[PDB]
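Here is the structure we will look at.
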Amino acid sequence: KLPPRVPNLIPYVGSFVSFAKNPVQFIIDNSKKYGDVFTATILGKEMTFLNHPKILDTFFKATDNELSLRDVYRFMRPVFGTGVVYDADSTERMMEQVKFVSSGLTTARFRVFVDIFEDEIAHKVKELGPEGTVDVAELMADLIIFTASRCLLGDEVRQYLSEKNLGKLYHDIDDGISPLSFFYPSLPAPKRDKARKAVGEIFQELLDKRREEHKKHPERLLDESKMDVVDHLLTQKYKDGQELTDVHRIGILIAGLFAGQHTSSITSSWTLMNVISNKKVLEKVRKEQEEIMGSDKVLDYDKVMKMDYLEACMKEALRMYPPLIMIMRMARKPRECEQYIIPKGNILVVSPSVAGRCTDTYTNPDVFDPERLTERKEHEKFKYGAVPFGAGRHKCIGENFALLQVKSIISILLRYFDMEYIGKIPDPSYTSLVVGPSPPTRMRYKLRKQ
Ligand SMILES: CC[C@@H]([C@H](C)O)n1ncn(-c2ccc(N3CCN(c4ccc(OC[C@@H]5CO[C@@](Cn6cncn6)(c6ccc(F)cc6F)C5)cc4)CC3)cc2)c1=O
Ligand code: HEM
Ligand SMILES: [Ca+2]
Ligand SMILES: [Ca+2]
């Protein structure tokens with residue numbers, strides 16, 4: 035029959051209050067009370083939490099006409115744009131648009147991306163000086179504004195960042211997104227909308243300029259190392275032959291940038307903080323760096339590909355502090371889950387955060403221990419033991435780019451600086467759509483070469 039329910043505090047509002055304090059502890063506590071599968075009413079939505087790795091196969095492999103992503107993420111429409119990704123006309127159109135972004139994330143582009151990271155960090159160290167203190171979360175966000183933008187859109191974007199305040203516009207859009215919008219997609223957000231329109235105008239101009247650059251220098255279209263997402267959007271069509279609109283191209287780029295920034299800056303923050311705060315982990319990370327770097331003075335792709343221990347450190351931060359804490363779908367048909375049937379219209383929920391603290395999978399889950407993955411392989415105990423990037427048909431298409439960006443940034447920063455974190459590693463703050471550490475996140479730095 036139906037899964038057990040979390041008793042409602044009030045009708046309609048349901049369990050919103052305990053939920054919004056800490057959605058992760060809400061799921062944990064209620065798992066303990068009600069088991070692997072339970073339902074809560076939350077601001078009018080029937081939400082059915084799936085809380086053990088064991089049962090997740092049917093969730094991750096269902097077709098979009100059974101478990102719809104578009105029904106639950108459509109709320110992002112005022113950020114991304116009408117007709118884009120989860121507001122696309124169909125599952126099919128969404129998948130095609132996602133492929134246009136994946137199409138600028140090639141090996142050839144990754145070799146160039148390393149150079150971009152080196153270049154932006156070198157600019158940034160001029161601000162930072164020989165020593166100081168800096169907020170970790172801000173530093174990473176600031177770096178990734180410039181790196182993600184240039185990686186996805188090309189170098190032509192940088193003059194807008196440097197001269198037309200584009201980075202402030204991003205913040206205006208992105209602080210304009212409340213997680214509450216998931217329940218109330220029509221919440222007014224006029225500052226967000228003003229900024230989104232401004233970025234729209236700038237990106238329209240970037241498209242217009244690229245078009246005539248394609249005329250002046252069509253060889254660009256033949257060089258895989260110089261082809262970016264803007265180039266692919268300007269020269270591709272849907273499979274059925276329908277051309278894209280410039281409004282669709284703008285929205286895809288904004289969606290791509292949004293994806294390319296927040297989850298990465300947050301992950302590089304939690305990763306760096308935990309690395310520099312743990313003497314044994316820092317030793318190993320630096321020993322690995324010194325071996326891979328050898329006599330060379332700058333990074334390249336092949337070097338990053340060898341940073342296995344640093345990668346493990348990132349995965350361990352992803353276990354502990356996954357930035358997307360809830361993966362959702364709407365049930366378009368009733369769904370069997372173990373002994374239960376989950377009603378049509380219910381929203382099924384999987385939490386990477388809950389999974390990462392599951393003590394059936396992880397021993398001492400509150401401890402940052404990259405060796406739990408590299409030596410003890412604790413993630414491998416279940417097919418869905420670790421799902422920070424999703425799984426199945428909708429698994430993150432950005433995973434390798436995020437790995438590259440975060441490993442590269444943390445590698446280059448280490449090369450430049452000794453760094454120590456000030457204070458206790460914070461708790462996550464659940465006030466934002468993409469979850470990051472509670473501010474402030476400060477560290478001291480000092481340059482390693484006079
Ligand atoms: C602050 C007021 C406060 C008051 C005081 O209570 N409050 N306090 C607490 N709560 C509260 C807390 C939690 C919630 N829930 C938490 C879960 N939320 C949620 C839903 C969907 C999300 O999906 C984002 C999609 C998936 O993938 C992305 C991202 N991405 C993928 N890779 C890289 N980036 C993506 C994909 C493709 C693209 F191309 C682009 C993209 F971006 C976008 C993320 C999060 C909603 C419900 C609700 C309310 C409050 O309301
Ligand atoms: C550490 C960084 C990141 C994490 C933790 C992350 C996590 C996720 C997760 C969980 C999903 C699955 C959402 C769902 O099934 O409901 C996802 C989907 C996606 N991510 Fe990421 N992501 C990261 C970086 C990126 C980057 C860099 C990009 C692009 C440049 C990107 C683009 C996407 C896209 C386009 C999807 C949609 C796939 C689909 O619906 O078919 N992500 N990511
Ligand atoms: Ca409650
Ligand atoms: Ca779960």
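Each residue of the sequence shown is one higher than the one before, starting from 35 at the first, in the deposited numbering. All C-beta atoms in this analysis are idealised placements derived from N, C-alpha and C, irrespective of residue type, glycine included.
Any non-hydrogen atom of ligand 1 closer than 7 Å to residue i Cβ
i    : result
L358 : yes
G290 : yes
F216 : yes
Residue i: CB within 7 Å of a non-hydrogen atom of ligand 2
i    : result
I178 : no
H428 : yes
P399 : no
Residue from the options with nearest C-alpha to residue i
i    : options                : result
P357 : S299, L333, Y343, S215 : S299
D461 : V40, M307, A425        : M307
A365 : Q193, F53, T92         : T92
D336 : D176, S442, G201       : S442
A289 : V119, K133, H413       : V119
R363 : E130, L84, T393, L240  : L84
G390 : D262, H413, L382, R369 : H413
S136 : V264, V148, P224, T167 : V264
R104 : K202, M128, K458, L77  : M128
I155 : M174, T141, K95        : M174
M327 : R283, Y355, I446, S49  : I446
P377 : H428, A74, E324        : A74
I310 : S102, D274, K458       : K458
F402 : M348, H428, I361, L278 : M348
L467 : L344, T297, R427       : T297
Residues of its chain near residue i, where Cβ-Cβ distance is below 7 Å and the 5 sequence neighbours each way are ignored
i    : result
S215 : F109, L221
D209 : none
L481 : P164, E165, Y450, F451
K260 : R254
Supposed close pair residue i, residue j - CB separation, criterion 8 Å
i    : j    : result
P399 : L352 : Wrong, their Cβ atoms sit about 13 Å apart, outside the cutoff.
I359 : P87  : Rounded, the Cβ-Cβ distance is 16 Å, inconsistent with contact.
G285 : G432 : That pair is no contact at about 17 Å.
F416 : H266 : Actually they are not in contact, since the Cβ atoms of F416 and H266 sit about 37 Å apart, beyond 8 Å.
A346 : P252 : So it is not a contact: roughly 44 Å between Cβ atoms.
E370 : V71  : Actually they do not touch by this definition, with Cβ atoms about 11 Å apart.
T82  : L382 : 5 Å
Inter-residue spacing [alpha-carbon to alpha-carbon] between residue i and residue j
i    : j    : result
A229 : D176 : 18 Å
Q439 : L448 : 14 Å
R244 : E190 : 9 Å
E409 : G419 : 16 Å
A54  : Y464 : 8 Å
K321 : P164 : 23 Å
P45  : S52  : 14 Å
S102 : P219 : 17 Å
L200 : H282 : 20 Å
Heavy atom of ligand 3 within 7 Å of residue i beta-carbon
i    : result
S220 : no
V51  : yes
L43  : yes
Neighbourhood of residue i by C-beta, 8 Å cutoff - its chain only, sequence neighbours within 5 removed
i    : result
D280 : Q238, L241
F435 : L139, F144, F147, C185, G294
Beta-carbon contacts of residue i that lie in its chain and below 6 Å, excluding the five residues immediately before and after
i    : result
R476 : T167, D169, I456
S212 : none
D121 : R108, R111
beta-carbon residue i near ligand 4 non-hydrogen atom, thresh 7 Å
i    : result
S385 : yes
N85  : yes
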